[PDB]
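Undergrad:
Residue numbers (my numbering): 179 to 530.
(1) How long is the line joining the alpha carbons of residue 358 and residue 297, rounded to whole angstroms?
(2) With a threshold of 8 Å on Cβ separation, who are the neighbours of residue 280 within its own chain once the five nearest residues in sequence on each side are excluded?
(3) Going by the CB atoms, is the gap between residue 239 and residue 304 shorter than 9 Å?
(4) Report the three-state DSSP secondary structure of residue 292 (helix, strand or coil).
(5) Taking residue 497 as the reference, which of 515, 484, 464, 432 has the closest Cα?
(6) So which of 466, 200, 513 has the shortest CA-CA distance to residue 450?
(7) Would you tell me roughly how many angstroms separate the C-alpha atoms of residue 515 and residue 275, rounded to the nearest one?
(8) What does a CB cutoff of less than 6 Å around residue 217 pick up in its chain, not counting 5 residues either side in sequence?
(9) Taking a contact to mean a Cβ-Cβ separation below 9 Å, would you say residue 251 touches residue 438 in this structure?
(10) Pick from 367, 518, 282, 323: whose alpha carbon is nearest that of residue 419?
(11) Residue 234 to residue 336, Cα distance in whole Å?
(12) To the nearest angstrom, report how far apart residue 290 and residue 526 are at their CA atoms.
(13) When burial is assigned at 16 or more other CB atoms within 10 Å of the CB, is residue 453 buried or exposed?
(14) In three-state DSSP terms, what is residue 310?
(15) Given this structure, state the Cα-to-Cα distance separating residue 236 from residue 476, to the nearest angstrom.
(16) Using the C-alpha atoms, what's the distance from residue 443 back to residue 379?
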């Protein structure tokens, strides 16, 4: 197995070197792509638009993103991934030859296992959901089926172009291997396909949401403690990251390994509370639900206000307070977009 892993890592390093040497003018573009591919966008800008255009698509998108990130976290704990930017200077594979020369950028020194990829998984799942939803909705073109085939081709080409750019962004930056992004894309597609045959989540009571959140929380923490007690190292990437980085300022130490989990659970619980609240059942499901200007105004407000609100950062001096504040902060975005803004808009322009 060692020979295969070494060959795969060598192929990844060679690809990174080729991309960095021959495409030195795409640095800003690749950095911008890596910044755009974050999941914060999928929770802040992508969700409100699709939710207010088609509620089922938005709910499916949020569920897919949350479950994909949860699986990513658990398998990141298990799989013991690797990264290129310390493997190039760490391994003894290049003892007999010349070590390849690669460049490190201010966004390449990172802490944590290198598998599976997170950006690739999130983008693959969310964009597959969006493309499939759009193709299903627009299956009523009054044309001799030529225009629909053209739309299929164009949309699939766009999806694959986005996937290719995201895959190349993490390879040029020397932060992933090709197999670690291929597997992430395949896993995201698999999850997005699996949540196409689950019809028990579009109308679920608050008890079900609470039980699912509690089960996920309990399983995550129990698995963490079981791994800790079984003599398994869980802090090994930090040493390599702080040792092999070029400068001792790009590396960011967090010492809070329960941030993404709590943020995802908070978003899920906020959606659960919003869906069963009285504000949602009164405003978003009343008379002003089929009128396009109301939905457009809701989208615009839920974008601007959420982007302004995102500037608030919880303190990180106390771990428990940080966790509670992060949970409550992530639980507001769905609870805001679904419930509060539509209610305020309906009250403002519904009392003549």
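Backbone N, C-alpha and C define an ideal beta-carbon position, used for all residues, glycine too.
TA: This is what the structure holds:
(1) Taking the first residue of the chain shown as 1, we reach residue 358 at position 180. Taking the first residue of the chain shown as 1, we reach residue 297 at position 119. Distance between the alpha carbons of residue 358 and residue 297: 11 Å.
(2) Translated into the one-based positions of the chain shown, residue 280 becomes position 102. Around residue 280: 191, 194, 195, 198, 262, 263, 266, 352.
(3) Translated into the one-based positions of the chain shown, residue 304 becomes position 126. Translated into the one-based positions of the chain shown, residue 239 becomes position 61. Result yes, Cβ atoms of residue 304 and residue 239 sit closer than 9 Å.
(4) For this step, residue 292 is matched to residue 114 along the chain shown. Taken through DSSP and simplified to helix, strand or coil, residue 292 comes out as coil.
(5) Counting from one through the chain shown, the residue named residue 497 turns up at place 319. Considering only alpha carbons, the answer is 432.
(6) The residue you call residue 450 lines up with position 272 of the chain shown. Looking at the Cα atoms, 513 is the closest of the given residues.
(7) Against the chain shown, residue 515 aligns to sequence position 337. Against the chain shown, residue 275 aligns to sequence position 97. If you take the alpha carbons of residue 515 and residue 275, they lie about 57 Å apart.
(8) By one-based count along the chain shown, residue 217 stands at place 39. In chain order, 300 place their CB closer than 6 Å to the CB of residue 217, counting only its own chain and leaving out the 5 sequence neighbours on each side.
(9) Within the chain shown, numbered from 1, the residue matching residue 251 stands at position 73. Within the chain shown, numbered from 1, the residue matching residue 438 stands at position 260. At a Cβ-Cβ threshold of 9 Å, residue 251 and residue 438 count as neighbours.
(10) Along the chain shown, one-based indexing puts residue 419 at 241. Considering only alpha carbons, the answer is 282.
(11) As a position in the chain shown, residue 234 is number 56, starting the count at 1. As a position in the chain shown, residue 336 is number 158, starting the count at 1. Whole-angstrom Cα-Cα distance: 23 Å.
(12) Residue 290 sits at position 112 when you count from the first residue of the chain shown. Residue 526 sits at position 348 when you count from the first residue of the chain shown. One C-alpha to the other measures close to 48 Å.
(13) For the purposes of this step, residue 453 is taken as residue 275 along the chain shown, with counting starting at 1. Residue burial is scored here from C-beta neighbours: residue 453 has at least 16 other C-beta atoms within 10 angstroms and is therefore classed as buried.
(14) For the purposes of this step, residue 310 is identified with residue 132 of the chain shown, where counting begins at 1. Of the three classes helix, strand and coil, the one that applies to residue 310 here is helix, per DSSP.
(15) Here the question's residue 236 lines up with position 58 in the chain shown. Here the question's residue 476 lines up with position 298 in the chain shown. Separation of residue 236 and residue 476 (C-alpha to C-alpha, rounded to the nearest whole angstrom) is 14 Å.
(16) Locating residue 379 in the chain shown gives position 201, counting from the first residue. Locating residue 443 in the chain shown gives position 265, counting from the first residue. Distance between the alpha carbons of residue 379 and residue 443 is about 16 Å.
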